[PDB]
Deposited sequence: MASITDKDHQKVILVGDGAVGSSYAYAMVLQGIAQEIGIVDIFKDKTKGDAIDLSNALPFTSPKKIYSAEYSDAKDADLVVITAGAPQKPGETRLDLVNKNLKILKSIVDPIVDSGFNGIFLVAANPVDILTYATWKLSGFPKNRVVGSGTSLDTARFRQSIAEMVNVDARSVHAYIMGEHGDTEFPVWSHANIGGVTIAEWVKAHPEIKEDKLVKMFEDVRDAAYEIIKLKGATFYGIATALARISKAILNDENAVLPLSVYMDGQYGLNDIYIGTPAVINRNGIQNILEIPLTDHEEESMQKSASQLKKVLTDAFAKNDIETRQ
């Protein structure tokens, strides 16, 4: 029967706060029917699989378990959250040894699905994942600025008192210090922020600048206050997972392979893209202001120098 393939399977690599939260999000929202959890700490994963399974009588069912790389053989989706924290080039090299020890055995399993990469530094490790896996460009995807974008929208939403789902604004570039806001195209119900400020002059230019600074530095603030950041990215990863598994052709800001867009080549970087069951379908090229295009070039340039050196 053809319907024997109506069983969706995710392998999660990394059972820290991000991965564990991701899994919980998938459980509550009933996305996928199987989650295998892989981590160096086998006892932690066993415990989490049980704790997560305890939730299932209140949601749709799932097979959940402590897993091994070899369980990726027939998986739809491999989600990588296992990122060693911090020179930048040292950080990269350290995470490359670890990433290779994950990707190689996964490929050897026979895995033939989509890689979703969230480990920091995400754009770089997305490129590294593509390079190591030998998979096509469109089937290796990074979370990129999906979270920064969410943070940006929520910030705007709170300022104007509107549901964030009605706010449309991007953060683009390499996720990190060099990312930038696309104010030229940011809007609320089609009314741009430039037009919004006209109609509501209480909103000072300097508020908007600070708003983006707060977004860019949001991880530092959250870590300072509570030790770690995880609910945002977990929620984003589940959103991306759903777009793939329900074949949505949704537009999301993701780390995607650059083949000419924005005058860039041979890096993964953050931009809006269309995604479905087969991964990336279209890379959307927002036409940026000169100011904005300069930010993109700088972000890309610095990123590319590090990859080449790496």
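Coordinate gaps, deposited numbering: Missing CA coords at 1-2, 89-92, 317-326.
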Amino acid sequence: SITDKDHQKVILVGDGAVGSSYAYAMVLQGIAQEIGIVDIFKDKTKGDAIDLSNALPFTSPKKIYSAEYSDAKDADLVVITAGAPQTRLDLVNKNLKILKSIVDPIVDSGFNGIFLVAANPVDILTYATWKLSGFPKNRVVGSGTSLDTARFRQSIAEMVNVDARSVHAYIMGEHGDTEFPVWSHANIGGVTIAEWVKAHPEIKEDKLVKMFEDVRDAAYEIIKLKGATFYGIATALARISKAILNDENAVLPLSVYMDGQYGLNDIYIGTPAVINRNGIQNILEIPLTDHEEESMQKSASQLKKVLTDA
From here on, numbers count along this sequence of modelled residues.
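Mean C-alpha B-factor higher for 294-302, or for 17-25? Of 17-25 and 294-302, the stretch with the higher C-alpha B-factor average is 294-302.
On mean C-alpha B-factor from the PDB entry, just flag whether 50-58 or 269-277 is the higher one. Per the PDB record, 269-277.
Choose from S146, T235, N93, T192 the residue with the greatest Cα B-factor as stated in the PDB record. Out of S146, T235, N93, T192, the record gives the largest C-alpha B-factor to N93.
Just to confirm, going by the entry's C-alpha B-factors, which of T229, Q154, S166, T87 comes out highest? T87 has the highest C-alpha B-factor of those listed.
Can you tell me whether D74 has a C-alpha B-factor in the lowest, middle or highest third compared with the other modelled residues of the same chain? As the PDB entry reports it, the C-alpha B-factor of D74 lands in the highest third of its chain.
Among the modelled residues of its chain, does the C-alpha B-factor of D247 lie in the lowest, middle or highest third? Tercile = lowest for this residue's CA B-factor.
Chain-wide C-alpha B factor ranking for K207, given as lowest, middle or highest third: Ranked within chain, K207 CA B lands in the highest tercile.
By its CA B factor, does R239 count among the lowest, middle or highest third of the modelled residues in the chain? For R239, the deposited C-alpha B-factor lands in the lowest third.
Would you mind checking where the Cα B-factor of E158 ranks among the modelled residues of its chain, as the lowest, middle or highest third? Within its chain, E158 is a lowest-third residue by C-alpha B-factor, going by the deposited values.
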